[PDB]
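Let's start with one chain on its own, the form deposited in one PDB entry, as structure tokens.
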């Protein structure tokens, strides 16, 4: 038979939202928990006692199920290995969907220091469904953020005033700035770049209730399942070509290739363990029914095909509970994260039993995560530090890395400008500037 196979990796998680890797060589798998935690799974298979990220007090999460409100998504900078930069989305008139950047401990590669929270976006939301929140870097290194309805209606926007124009849209930002005013630059080739009509951040609109959108990096394609609420579920696809400058939005083309009902989301499998699954879009429903969306090269049309699970040895045709999201290895291998109704979150790995667990092609040396050595990370005294390496000085500091203090009128008589507007005077000189004797 041609079935796939699931294998329990980790258990005792608390409501897993999903998992991904950091692209830094350590085959570390970072697991997201809804309450506002990110935990680390070593390639050697240990869940580190200390959480990688613990923001559970900041995040307002669900008090039940169906309540969509926790930590939403995580994304590492394309150059995390050098600049150690994360990007995180989470909930906090009802609530605000925040998108924030964090930077790892300069002393611990396995922990983020929370003092580096640098808010990028704050999206007001009225309801607790159709939130979205998925974050991804396409090639060219732009931050794509995918936002659902928030169940905001047309009339709810003529009533409300101070309310985000982003909900229901794919947003695109250039995070790599040497500027120190705006936390992000609006990209190069965005539609509404200069803008007056429609907000510059919006790259496309039309999303309602999107699942985990499959992301094909090939020059970039994102394929979403969309529940559409009461209406039948569809699939929306967004395509991006070679550095093209847009002045009209790319169309987020809708088509309805699904039959079974709602889907958690999907992925484009590009791991090593499965030969046959290579390049396939795989979508999965809540109860672990799996699909493949294959596009005909000849007709360019789409076709859903089922995908069975089957037990062979301890690698089994079933998992416990229901699927909450999906996972991706550094090696590109693929996971499901499940939970069952307290503290029963599980990580399972999808396996092709026709192939070995460790084929020749799949061997890879793990390069263990390393403390930051980037110039801005070490020298940039205080004030923040942009993913490009620029050090942005907090009021009253100057210098490439802000190490010099600013004293408005200078310190006199050999006095030293220790802090902004603080003079350290030599014995015998009183006064804020050491002016008197």
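Numbering follows the first chain given and starts at 1.
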Item to check | Check: residue 250 without coordinates in a third or more of other entries | outcome: yes
Checklist entry - Are coordinates for residue 231 absent in a third or more of the other compared PDB entries? => result yes
Next on the checklist: I want to verify a possible break: how many residues of the deposited sequence sit between residue 300 and residue 301 without any coordinates (none, 1 to 3, 4 to 9, 10 or more)?
Outcome noted: none
Checklist outcome for this item: Looking at residue 218 and residue 219, the deposited sequence has unmodelled residues in between totalling 4 to 9
Checklist entry - In the PDB record, does 74 to 82 or 256 to 264 carry the higher mean Cα temperature factor? => result 256 to 264
Checklist entry - Between 185 to 193 and 327 to 335, which has the larger average Cα B-factor in the PDB entry? => result 185 to 193
Next on the checklist: Based on the deposited C-alpha B factors for this chain, I'd like to know if residue 295 is in the lowest, middle or highest third.
Outcome noted: middle
Checklist entry - When the modelled residues of the chain are sorted by Cα temperature factor, does residue 313 land in the lowest, middle or highest third? => result middle
Next on the checklist: Quick check for you: using the entry's CA B-factors within this chain, is residue 271 in the lowest, middle or highest third?
Outcome noted: middle
Item to check | residue 286, C-alpha B-factor rank within chain (lowest, middle or highest third) | outcome: middle
Checklist entry - Which third, lowest, middle or highest, does the CA B-factor of residue 386 fall in along this chain? => result highest
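There is also a form deposited in another entry; it is not shown, and the following applies to it.
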Next on the checklist: Given that the chain moves as two rigid parts between this form and the one not shown, is it the case that residue 346 and residue 187 are assigned to one and the same part?
Outcome noted: yes
